[PDB]
file my_file.tsv (TSV, C-alpha atoms and all ligand atoms)
chain	number	residue	atom	x	y	z
A	605	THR	CA	79.50	98.21	86.33
A	606	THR	CA	76.03	99.46	85.54
A	607	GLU	CA	75.99	101.78	82.51
A	608	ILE	CA	73.76	104.73	83.37
A	609	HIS	CA	72.01	106.85	80.76
A	610	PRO	CA	72.79	110.63	81.14
A	611	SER	CA	69.12	111.60	81.14
A	612	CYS	CA	68.93	109.76	84.50
A	613	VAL	CA	71.54	112.07	86.15
A	614	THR	CA	71.41	115.76	87.10
A	615	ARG	CA	74.49	117.56	88.47
A	616	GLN	CA	73.54	120.26	90.99
A	617	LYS	CA	76.43	121.48	93.12
A	618	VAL	CA	80.22	121.20	92.96
A	619	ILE	CA	81.52	119.41	96.11
A	620	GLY	CA	85.11	118.71	95.01
A	621	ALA	CA	87.47	119.56	92.14
A	625	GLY	CA	87.80	116.93	86.83
A	626	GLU	CA	85.13	117.84	89.41
A	627	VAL	CA	82.79	116.07	91.81
A	628	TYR	CA	79.14	117.08	92.09
A	629	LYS	CA	76.24	116.40	94.32
A	630	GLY	CA	73.31	115.48	92.12
A	631	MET	CA	70.25	113.26	91.68
A	632	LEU	CA	69.91	109.86	89.99
A	633	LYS	CA	66.53	108.81	88.56
A	634	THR	CA	66.73	105.25	87.17
A	639	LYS	CA	62.00	107.80	92.87
A	640	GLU	CA	65.10	110.07	92.64
A	641	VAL	CA	68.12	109.58	94.91
A	642	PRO	CA	71.10	111.84	95.84
A	643	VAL	CA	74.44	110.76	94.34
A	644	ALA	CA	77.95	112.04	93.84
A	645	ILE	CA	79.09	112.48	90.23
A	646	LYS	CA	82.75	112.63	89.15
A	647	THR	CA	83.50	113.78	85.56
A	648	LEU	CA	86.61	113.26	83.42
A	652	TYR	CA	91.87	112.85	78.30
A	653	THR	CA	94.60	110.43	77.22
A	654	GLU	CA	94.37	106.63	76.97
A	655	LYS	CA	96.17	106.48	80.36
A	656	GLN	CA	93.65	108.90	81.90
A	657	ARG	CA	90.73	106.81	80.56
A	658	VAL	CA	92.22	103.52	81.78
A	659	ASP	CA	92.88	105.07	85.24
A	660	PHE	CA	89.42	106.73	85.45
A	661	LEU	CA	87.41	103.69	84.33
A	662	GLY	CA	89.95	101.59	86.26
A	663	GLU	CA	88.92	103.27	89.52
A	664	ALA	CA	85.25	102.63	88.68
A	665	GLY	CA	86.05	98.99	87.87
A	666	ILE	CA	87.85	98.56	91.21
A	667	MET	CA	84.99	100.21	93.15
A	668	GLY	CA	82.42	98.08	91.26
A	669	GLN	CA	84.29	94.88	92.29
A	670	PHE	CA	83.64	95.64	95.97
A	671	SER	CA	80.51	95.24	98.07
A	672	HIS	CA	81.05	96.25	101.71
A	673	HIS	CA	79.35	98.62	104.18
A	674	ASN	CA	82.62	100.55	104.73
A	675	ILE	CA	83.59	100.92	101.07
A	676	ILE	CA	82.04	103.63	98.91
A	677	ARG	CA	79.29	102.14	96.76
A	678	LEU	CA	79.35	102.60	93.01
A	679	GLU	CA	75.97	103.20	91.36
A	680	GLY	CA	77.39	103.06	87.83
A	681	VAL	CA	79.28	104.86	85.07
A	682	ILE	CA	78.60	106.93	81.99
A	683	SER	CA	81.16	105.56	79.57
A	684	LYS	CA	79.20	105.50	76.26
A	685	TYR	CA	78.87	109.29	76.25
A	686	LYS	CA	81.33	112.09	77.01
A	687	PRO	CA	82.32	113.52	79.36
A	688	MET	CA	82.61	110.14	81.09
A	689	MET	CA	81.29	110.00	84.65
A	690	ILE	CA	81.42	107.92	87.81
A	691	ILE	CA	78.28	107.87	89.97
A	692	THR	CA	78.50	106.88	93.64
A	693	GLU	CA	76.42	107.11	96.78
A	694	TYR	CA	76.42	110.63	98.25
A	695	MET	CA	78.20	110.87	101.60
A	696	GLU	CA	76.38	113.66	103.45
A	697	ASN	CA	79.22	114.67	105.78
A	698	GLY	CA	82.03	114.61	103.21
A	699	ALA	CA	85.72	113.93	103.92
A	700	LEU	CA	86.59	112.76	107.43
A	701	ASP	CA	89.56	115.12	107.88
A	702	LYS	CA	87.56	118.28	107.20
A	703	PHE	CA	84.54	116.92	109.06
A	704	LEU	CA	86.54	116.26	112.25
A	705	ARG	CA	88.14	119.75	112.10
A	706	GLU	CA	84.70	121.38	111.70
A	707	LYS	CA	83.14	119.31	114.53
A	708	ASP	CA	85.91	119.48	117.10
A	709	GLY	CA	84.83	118.00	120.45
A	710	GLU	CA	81.27	117.13	119.25
A	711	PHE	CA	81.41	113.28	119.55
A	712	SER	CA	81.68	110.74	122.34
A	713	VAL	CA	84.76	108.52	122.63
A	714	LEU	CA	82.54	105.55	121.77
A	715	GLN	CA	81.40	107.29	118.56
A	716	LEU	CA	84.99	108.01	117.54
A	717	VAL	CA	86.00	104.37	118.20
A	718	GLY	CA	82.98	103.23	116.16
A	719	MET	CA	84.18	105.35	113.22
A	720	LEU	CA	87.57	103.63	113.46
A	721	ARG	CA	86.00	100.17	113.59
A	722	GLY	CA	84.14	100.94	110.35
A	723	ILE	CA	87.31	102.07	108.62
A	724	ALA	CA	89.13	98.97	109.90
A	725	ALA	CA	86.34	96.71	108.59
A	726	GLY	CA	86.59	98.34	105.14
A	727	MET	CA	90.37	97.93	105.16
A	728	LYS	CA	90.12	94.28	106.24
A	729	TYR	CA	87.86	93.66	103.26
A	730	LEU	CA	90.25	95.39	100.83
A	731	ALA	CA	93.26	93.54	102.24
A	732	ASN	CA	91.50	90.21	102.01
A	733	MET	CA	90.50	91.05	98.44
A	734	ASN	CA	94.25	91.54	97.73
A	735	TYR	CA	93.90	95.30	97.34
A	736	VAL	CA	96.66	97.47	98.88
A	737	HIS	CA	95.35	101.02	99.20
A	738	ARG	CA	98.72	102.88	99.54
A	739	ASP	CA	96.98	106.17	100.39
A	740	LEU	CA	94.96	105.57	103.54
A	741	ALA	CA	94.34	108.88	105.34
A	742	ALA	CA	91.38	110.75	106.86
A	743	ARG	CA	91.17	112.82	103.63
A	744	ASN	CA	90.36	109.63	101.70
A	745	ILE	CA	87.59	108.49	104.05
A	746	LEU	CA	84.01	109.79	103.74
A	747	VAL	CA	81.27	110.07	106.38
A	748	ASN	CA	77.51	109.56	105.90
A	749	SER	CA	74.58	110.81	107.99
A	750	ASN	CA	74.76	107.62	110.18
A	751	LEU	CA	78.40	108.49	111.04
A	752	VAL	CA	79.49	105.51	108.90
A	753	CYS	CA	83.05	105.89	107.61
A	754	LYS	CA	83.83	104.48	104.17
A	755	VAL	CA	87.13	104.14	102.33
A	756	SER	CA	86.43	106.36	99.36
A	757	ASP	CA	89.38	107.09	97.03
A	758	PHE	CA	90.59	104.43	94.59
A	759	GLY	CA	92.61	106.76	92.34
A	760	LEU	CA	95.21	104.77	90.39
A	761	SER	CA	97.85	107.27	89.26
A	762	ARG	CA	99.48	107.76	92.68
A	763	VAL	CA	103.16	108.35	93.53
A	764	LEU	CA	104.93	109.14	96.81
A	765	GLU	CA	105.57	112.81	97.56
A	766	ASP	CA	109.21	113.67	96.80
A	767	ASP	CA	109.68	110.37	94.93
A	778	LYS	CA	100.13	112.52	95.70
A	779	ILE	CA	100.90	110.12	98.58
A	780	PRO	CA	102.24	111.97	101.65
A	781	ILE	CA	105.31	110.69	103.39
A	782	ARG	CA	104.03	111.19	106.93
A	783	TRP	CA	101.11	108.74	106.44
A	784	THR	CA	103.34	106.07	104.87
A	785	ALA	CA	105.08	103.10	106.49
A	786	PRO	CA	108.94	103.19	106.66
A	787	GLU	CA	109.39	100.18	104.33
A	788	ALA	CA	107.14	101.80	101.69
A	789	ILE	CA	109.29	104.93	101.82
A	790	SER	CA	112.63	103.12	102.10
A	791	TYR	CA	112.27	100.39	99.45
A	792	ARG	CA	108.83	100.84	97.88
A	793	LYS	CA	107.22	97.89	99.68
A	794	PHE	CA	103.51	98.70	99.86
A	795	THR	CA	101.43	95.91	101.39
A	796	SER	CA	98.39	95.62	103.66
A	797	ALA	CA	100.93	95.91	106.54
A	798	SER	CA	101.96	99.35	105.30
A	799	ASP	CA	98.24	100.17	105.15
A	800	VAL	CA	98.01	99.16	108.83
A	801	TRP	CA	100.70	101.77	109.59
A	802	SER	CA	98.59	104.30	107.76
A	803	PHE	CA	95.53	103.18	109.71
A	804	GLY	CA	97.44	103.91	112.94
A	805	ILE	CA	97.88	107.48	111.63
A	806	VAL	CA	94.14	107.65	110.85
A	807	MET	CA	93.40	106.50	114.41
A	808	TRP	CA	95.48	109.45	115.67
A	809	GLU	CA	93.69	111.81	113.24
A	810	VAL	CA	90.30	110.72	114.52
A	811	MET	CA	91.18	110.81	118.24
A	812	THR	CA	92.68	114.31	117.81
A	813	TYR	CA	89.74	115.65	115.74
A	814	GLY	CA	91.89	116.11	112.66
A	815	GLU	CA	95.21	117.38	113.97
A	816	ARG	CA	97.98	117.17	111.36
A	817	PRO	CA	100.39	114.29	112.19
A	818	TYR	CA	103.85	115.54	113.29
A	819	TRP	CA	102.65	119.19	112.91
A	820	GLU	CA	105.32	121.34	111.32
A	821	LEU	CA	108.13	118.68	111.25
A	822	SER	CA	109.60	118.46	107.73
A	823	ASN	CA	109.33	115.18	105.82
A	824	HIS	CA	112.99	114.42	106.63
A	825	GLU	CA	112.52	115.31	110.33
A	826	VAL	CA	109.55	112.89	110.45
A	827	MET	CA	111.54	110.09	108.81
A	828	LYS	CA	114.55	110.63	111.10
A	829	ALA	CA	112.30	110.71	114.16
A	830	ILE	CA	110.49	107.50	113.14
A	831	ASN	CA	113.81	105.73	112.40
A	832	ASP	CA	115.14	106.76	115.86
A	833	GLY	CA	112.07	105.17	117.56
A	834	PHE	CA	109.89	108.25	118.11
A	835	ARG	CA	106.16	108.05	117.46
A	836	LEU	CA	103.19	110.43	117.52
A	837	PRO	CA	102.36	111.56	121.08
A	838	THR	CA	99.29	110.45	123.01
A	839	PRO	CA	96.08	112.33	121.95
A	840	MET	CA	94.27	114.28	124.68
A	841	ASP	CA	91.81	112.16	126.69
A	842	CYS	CA	92.68	109.10	124.55
A	843	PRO	CA	91.73	105.65	125.93
A	844	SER	CA	94.80	103.65	126.85
A	845	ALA	CA	93.62	100.67	124.78
A	846	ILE	CA	93.27	102.90	121.70
A	847	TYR	CA	96.73	104.43	122.08
A	848	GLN	CA	98.22	100.95	122.65
A	849	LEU	CA	96.53	99.79	119.41
A	850	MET	CA	97.78	102.72	117.30
A	851	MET	CA	101.33	102.22	118.74
A	852	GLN	CA	101.26	98.57	117.63
A	853	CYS	CA	100.29	99.71	114.10
A	854	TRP	CA	103.59	101.64	114.11
A	855	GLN	CA	105.96	98.75	114.83
A	856	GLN	CA	109.03	99.03	112.60
A	857	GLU	CA	108.78	95.28	112.01
A	858	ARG	CA	105.70	94.51	109.87
A	859	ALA	CA	105.24	91.11	111.49
A	860	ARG	CA	104.61	92.82	114.86
A	861	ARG	CA	101.83	95.03	113.46
A	862	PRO	CA	98.25	93.81	113.96
A	863	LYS	CA	96.36	92.62	110.89
A	864	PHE	CA	93.13	94.46	110.10
A	865	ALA	CA	91.37	91.31	111.34
A	866	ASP	CA	92.99	91.86	114.74
A	867	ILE	CA	92.13	95.59	114.76
A	868	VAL	CA	88.42	94.91	113.97
A	869	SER	CA	88.30	92.25	116.73
A	870	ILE	CA	89.93	94.56	119.33
A	871	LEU	CA	87.76	97.57	118.48
A	872	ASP	CA	84.63	95.39	118.60
A	873	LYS	CA	85.49	94.15	122.10
A	874	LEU	CA	86.13	97.70	123.32
A	875	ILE	CA	82.81	98.93	121.86
A	876	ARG	CA	80.87	96.04	123.44
A	877	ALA	CA	82.47	96.72	126.86
A	878	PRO	CA	82.53	100.54	126.61
A	879	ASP	CA	83.74	101.02	130.19
A	880	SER	CA	87.08	99.67	128.84
A	881	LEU	CA	87.50	103.06	127.14
A	882	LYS	CA	87.31	105.05	130.41
A	883	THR	CA	90.94	104.22	131.25
A	884	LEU	CA	93.00	107.00	129.61
A	885	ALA	CA	96.59	107.08	128.47
A	886	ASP	CA	98.72	109.67	130.25
A	887	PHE	CA	100.20	112.91	128.90
A	888	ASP	CA	103.13	112.54	126.58
A	889	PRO	CA	106.33	114.36	127.77
A	890	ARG	CA	106.40	116.30	124.47
A	891	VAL	CA	102.94	117.63	125.37
A	892	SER	CA	103.88	118.59	128.98
A	893	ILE	CA	106.80	120.73	127.75
A	894	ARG	CA	104.56	122.86	125.52
A	895	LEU	CA	101.95	123.69	128.24
A	896	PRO	CA	102.46	126.80	130.50
A	901	LIG	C1	81.49	110.20	92.24
A	901	LIG	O1	82.78	109.70	92.59
A	901	LIG	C2	83.16	109.80	93.90
A	901	LIG	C3	82.60	110.66	94.81
A	901	LIG	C4	82.89	110.57	96.16
A	901	LIG	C5	82.21	111.50	97.11
A	901	LIG	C6	80.98	111.15	97.69
A	901	LIG	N1	80.28	111.92	98.52
A	901	LIG	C7	80.83	113.13	98.74
A	901	LIG	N2	81.98	113.59	98.22
A	901	LIG	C8	82.68	112.78	97.42
A	901	LIG	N3	83.87	113.22	96.94
A	901	LIG	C9	84.44	114.54	97.22
A	901	LIG	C10	85.11	114.66	98.59
A	901	LIG	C11	85.64	116.04	99.00
A	901	LIG	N4	84.61	117.07	99.20
A	901	LIG	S1	83.91	117.43	100.60
A	901	LIG	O2	84.55	116.65	101.61
A	901	LIG	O3	83.91	118.85	100.72
A	901	LIG	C12	82.22	116.93	100.53
A	901	LIG	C13	81.27	117.70	101.19
A	901	LIG	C14	79.98	117.21	101.32
A	901	LIG	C15	79.65	115.97	100.80
A	901	LIG	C16	80.60	115.24	100.09
A	901	LIG	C17	81.90	115.72	99.95
A	901	LIG	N5	80.19	113.96	99.60
A	901	LIG	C18	83.81	109.60	96.59
A	901	LIG	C19	84.41	108.75	95.67
A	901	LIG	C20	84.09	108.88	94.34
A	901	LIG	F1	84.72	108.10	93.40

call {"tool": "encode", "arguments": {"input": "my_file.tsv", "output": "structure tokens"}}
result
Amino acid sequence: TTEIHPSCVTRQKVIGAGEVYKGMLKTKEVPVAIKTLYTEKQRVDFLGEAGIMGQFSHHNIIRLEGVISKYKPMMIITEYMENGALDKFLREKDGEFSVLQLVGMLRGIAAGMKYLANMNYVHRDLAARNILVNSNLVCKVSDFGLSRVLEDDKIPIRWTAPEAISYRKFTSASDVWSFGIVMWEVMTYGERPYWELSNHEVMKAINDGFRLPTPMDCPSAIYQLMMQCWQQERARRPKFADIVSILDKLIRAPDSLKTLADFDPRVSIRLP
């Protein structure tokens, strides 16, 4: 990582909460996000996250500018993502994008995840809340926090693959499951997966073969792809490489997206 002198950084506005700030970096000044920090474990985890981010260089992975580690409080300095977290963004912008735009967002996320997976990094916590959006609608994987544990052991059950829940096997294939959930988040403009089902209701439903119902006006090819991400058997799930390839083909032949999946029976029963 680049060590950045504090005189080069001004914090302006809290954007998350240590806390995260929007600010300016002057190594001619550029907007940045600034996260501030503690025990030895906290320090190792905080600088650990920076070290992980600094090891990556990919369009769809949040870019680290540098750290303040020689002075306290310690800080992480990243690019500033103008549109914030994807979950909140989608819920505030319901209906405002084309299908092609939404699919493009998913391709970007898939490309980032392919890169992580190929770099032997298993995310464990892939969700719309952990993706950020810039002013070109580029989606970047954006949370590399290290002290993470499964809900009801931080990481929510209903985004997690069955094998990760059942016997703690987190792999890139369990991240693909999570990506399937993100697909459904994006195509629904940030609906909560499984709505008010309890954690144990979700797990029972999944184990009995149920999956999330078709989003409204969702392209058939997109629903087919998210369903394959949710195969019980990991070896039947697509790899990120496959997902990128498929999404690219759909984007380059956009008429392919005009064919819509039909209404789920669980949706029919709730309409008057
Ligand atoms: C400095 O360290 C990091 C910062 C970010 C980050 C970059 N950029 C923005 N927010 C970030 N985090 C807070 C997200 C939650 N608030 S939000 O959705 O309300 C929001 C709103 C507007 C912009 C924005 C966030 N932009 C990501 C990873 C990091 F390690």

call {"tool": "closest_residue", "arguments": {"input": "my_file.tsv", "among": "A:823, A:749, A:634, A:855", "to": "ligand LIG 901 (chain A)", "atoms": "all atoms listed in the file"}}
result
A:749

call {"tool": "residues_near_ligand", "arguments": {"input": "my_file.tsv", "ligand": "ligand LIG 901 (chain A)", "cutoff": "9 Å", "atoms": "only C-alpha atoms and all ligand atoms", "output": "ChimeraX atom specification"}}
result
/A:618-621,626-629,643-647,663-664,667,676-679,689-703,743-748,755-759

call {"tool": "closest_residue", "arguments": {"input": "my_file.tsv", "among": "A:710, A:616, A:766, A:802", "to": "residue A:737", "atoms": "all atoms listed in the file"}}
result
A:802

call {"tool": "residues_around", "arguments": {"input": "my_file.tsv", "residues": "stretch 613-615 of chain A", "least_positions_apart": "6", "cutoff": "6 Å", "atoms": "only C-alpha atoms", "output": "list in words"}}
result
residues 628, 630, 631 and 632 of chain A

call {"tool": "atom_distance", "arguments": {"input": "my_file.tsv", "atom1": "atom CA of residue A:807", "atom2": "atom CA of residue A:734"}}
result
22.4 Å

call {"tool": "closest_residue", "arguments": {"input": "my_file.tsv", "among": "A:812, A:608, A:723, A:834", "to": "residue A:799", "atoms": "all atoms listed in the file"}}
result
A:723

call {"tool": "closest_residue", "arguments": {"input": "my_file.tsv", "among": "A:845, A:731, A:853, A:870", "to": "residue A:882", "atoms": "only C-alpha atoms"}}
result
A:845

call {"tool": "atom_distance", "arguments": {"input": "my_file.tsv", "atom1": "atom CA of residue A:685", "atom2": "atom CA of residue A:610"}}
result
7.9 Å

call {"tool": "closest_atom_pairs", "arguments": {"input": "my_file.tsv", "of": "stretch 704-744 of chain A", "to": "stretch 790-796 of chain A", "cutoff": "9 Å", "atoms": "all atoms listed in the file", "output": "Markdown table"}}
result
| residue | atom | partner | partner_atom | distance |
| --- | --- | --- | --- | --- |
| A:727 | CA | A:796 | CA | 8.5 |
| A:728 | CA | A:796 | CA | 8.8 |
| A:730 | CA | A:796 | CA | 8.6 |
| A:731 | CA | A:796 | CA | 5.7 |
| A:732 | CA | A:796 | CA | 8.9 |
| A:734 | CA | A:796 | CA | 8.3 |
| A:735 | CA | A:796 | CA | 7.8 |
| A:736 | CA | A:796 | CA | 5.4 |
| A:737 | CA | A:796 | CA | 7.6 |
| A:738 | CA | A:794 | CA | 6.4 |

call {"tool": "atom_distance", "arguments": {"input": "my_file.tsv", "atom1": "atom CA of residue A:648", "atom2": "atom CA of residue A:761"}}
result
14.0 Å

call {"tool": "axis_aligned_box", "arguments": {"input": "my_file.tsv", "around": "stretch 864-879 of chain A", "padding_each_side": "5 Å", "output": "lines of an AutoDock Vina configuration file"}}
result
center_x = 87.0
center_y = 96.2
center_z = 120.1
size_x = 22.3
size_y = 19.7
size_z = 30.1

call {"tool": "closest_residue", "arguments": {"input": "my_file.tsv", "among": "A:878, A:625, A:662, A:889", "to": "residue A:837", "atoms": "all atoms listed in the file"}}
result
A:889

call {"tool": "closest_residue", "arguments": {"input": "my_file.tsv", "among": "A:847, A:818, A:783, A:854", "to": "residue A:717", "atoms": "all atoms listed in the file"}}
result
A:847

call {"tool": "residues_around", "arguments": {"input": "my_file.tsv", "residues": "residue A:722", "least_positions_apart": "2", "cutoff": "9 Å", "atoms": "all atoms listed in the file", "output": "PyMOL selection string"}}
result
chain A and resi 673-674+717-720+724-727+752-754+868

call {"tool": "residues_around", "arguments": {"input": "my_file.tsv", "residues": "stretch 827-831 of chain A", "least_positions_apart": "3", "cutoff": "12 Å", "atoms": "all atoms listed in the file", "output": "PDB file with C-alpha atoms, in the frame of the given file"}}
result
ATOM      1  CA  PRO A 780     102.240 111.970 101.650  1.00  0.00           C
ATOM      2  CA  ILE A 781     105.310 110.690 103.390  1.00  0.00           C
ATOM      3  CA  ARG A 782     104.030 111.190 106.930  1.00  0.00           C
ATOM      4  CA  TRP A 783     101.110 108.740 106.440  1.00  0.00           C
ATOM      5  CA  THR A 784     103.340 106.070 104.870  1.00  0.00           C
ATOM      6  CA  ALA A 785     105.080 103.100 106.490  1.00  0.00           C
ATOM      7  CA  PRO A 786     108.940 103.190 106.660  1.00  0.00           C
ATOM      8  CA  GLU A 787     109.390 100.180 104.330  1.00  0.00           C
ATOM      9  CA  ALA A 788     107.140 101.800 101.690  1.00  0.00           C
ATOM     10  CA  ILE A 789     109.290 104.930 101.820  1.00  0.00           C
ATOM     11  CA  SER A 790     112.630 103.120 102.100  1.00  0.00           C
ATOM     12  CA  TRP A 801     100.700 101.770 109.590  1.00  0.00           C
ATOM     13  CA  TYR A 818     103.850 115.540 113.290  1.00  0.00           C
ATOM     14  CA  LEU A 821     108.130 118.680 111.250  1.00  0.00           C
ATOM     15  CA  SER A 822     109.600 118.460 107.730  1.00  0.00           C
ATOM     16  CA  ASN A 823     109.330 115.180 105.820  1.00  0.00           C
ATOM     17  CA  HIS A 824     112.990 114.420 106.630  1.00  0.00           C
ATOM     18  CA  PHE A 834     109.890 108.250 118.110  1.00  0.00           C
ATOM     19  CA  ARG A 835     106.160 108.050 117.460  1.00  0.00           C
ATOM     20  CA  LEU A 836     103.190 110.430 117.520  1.00  0.00           C
ATOM     21  CA  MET A 851     101.330 102.220 118.740  1.00  0.00           C
ATOM     22  CA  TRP A 854     103.590 101.640 114.110  1.00  0.00           C
ATOM     23  CA  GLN A 855     105.960  98.750 114.830  1.00  0.00           C
ATOM     24  CA  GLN A 856     109.030  99.030 112.600  1.00  0.00           C
ATOM     25  CA  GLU A 857     108.780  95.280 112.010  1.00  0.00           C
TER      26      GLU A 857
END

call {"tool": "residues_around", "arguments": {"input": "my_file.tsv", "residues": "residue A:892", "least_positions_apart": "5", "cutoff": "12 Å", "atoms": "only C-alpha atoms", "output": "list in words"}}
result
residues 837, 838, 840, 886 and 887 of chain A

call {"tool": "decode", "arguments": {"input": "my_file.tsv", "residues": "stretch 819-840 of chain A", "atoms": "N, CA and C atoms", "output": "compact mmCIF listing (two decimals), in the first residue's frame"}}
result
# COMPACT_ATOMS: atom_id res chain seq x y z
N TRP A 819 -38.46 -12.32 1.89
CA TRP A 819 -39.30 -11.42 2.68
C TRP A 819 -39.31 -11.74 4.16
N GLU A 820 -40.46 -12.07 4.75
CA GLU A 820 -40.49 -12.15 6.19
C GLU A 820 -40.27 -13.59 6.67
N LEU A 821 -39.91 -14.55 5.79
CA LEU A 821 -39.58 -15.91 6.25
C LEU A 821 -38.49 -15.80 7.29
N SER A 822 -38.59 -16.59 8.38
CA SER A 822 -37.52 -16.68 9.36
C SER A 822 -36.32 -17.40 8.73
N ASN A 823 -35.16 -17.26 9.37
CA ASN A 823 -33.97 -17.99 8.95
C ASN A 823 -34.26 -19.48 8.80
N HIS A 824 -34.95 -20.09 9.77
CA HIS A 824 -35.18 -21.53 9.75
C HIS A 824 -36.21 -21.91 8.68
N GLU A 825 -37.21 -21.05 8.43
CA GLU A 825 -38.13 -21.23 7.32
C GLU A 825 -37.39 -21.19 5.97
N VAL A 826 -36.42 -20.28 5.83
CA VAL A 826 -35.67 -20.16 4.58
C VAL A 826 -34.88 -21.46 4.35
N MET A 827 -34.18 -21.89 5.40
CA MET A 827 -33.34 -23.09 5.29
C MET A 827 -34.15 -24.33 4.98
N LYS A 828 -35.31 -24.50 5.64
CA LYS A 828 -36.21 -25.60 5.37
C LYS A 828 -36.73 -25.56 3.94
N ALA A 829 -37.11 -24.35 3.49
CA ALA A 829 -37.62 -24.20 2.14
C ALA A 829 -36.55 -24.59 1.11
N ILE A 830 -35.34 -24.05 1.29
CA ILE A 830 -34.24 -24.35 0.38
C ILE A 830 -33.98 -25.85 0.36
N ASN A 831 -33.93 -26.48 1.54
CA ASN A 831 -33.62 -27.92 1.61
C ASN A 831 -34.71 -28.79 0.96
N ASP A 832 -35.96 -28.31 0.92
CA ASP A 832 -37.08 -28.98 0.30
C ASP A 832 -37.18 -28.67 -1.20
N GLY A 833 -36.25 -27.88 -1.77
CA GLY A 833 -36.20 -27.62 -3.21
C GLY A 833 -36.83 -26.30 -3.65
N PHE A 834 -37.34 -25.49 -2.72
CA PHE A 834 -37.92 -24.22 -3.09
C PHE A 834 -36.80 -23.24 -3.39
N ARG A 835 -37.06 -22.30 -4.29
CA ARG A 835 -36.16 -21.18 -4.52
C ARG A 835 -36.95 -19.89 -4.62
N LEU A 836 -36.22 -18.76 -4.62
CA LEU A 836 -36.82 -17.45 -4.79
C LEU A 836 -37.64 -17.40 -6.07
N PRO A 837 -38.84 -16.77 -6.02
CA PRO A 837 -39.72 -16.69 -7.17
C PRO A 837 -39.23 -15.71 -8.23
N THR A 838 -39.68 -15.93 -9.46
CA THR A 838 -39.32 -15.10 -10.59
C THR A 838 -39.57 -13.61 -10.31
N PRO A 839 -38.57 -12.71 -10.50
CA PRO A 839 -38.82 -11.28 -10.42
C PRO A 839 -39.77 -10.87 -11.53
N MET A 840 -40.46 -9.74 -11.30
CA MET A 840 -41.38 -9.14 -12.27
C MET A 840 -40.60 -8.76 -13.53
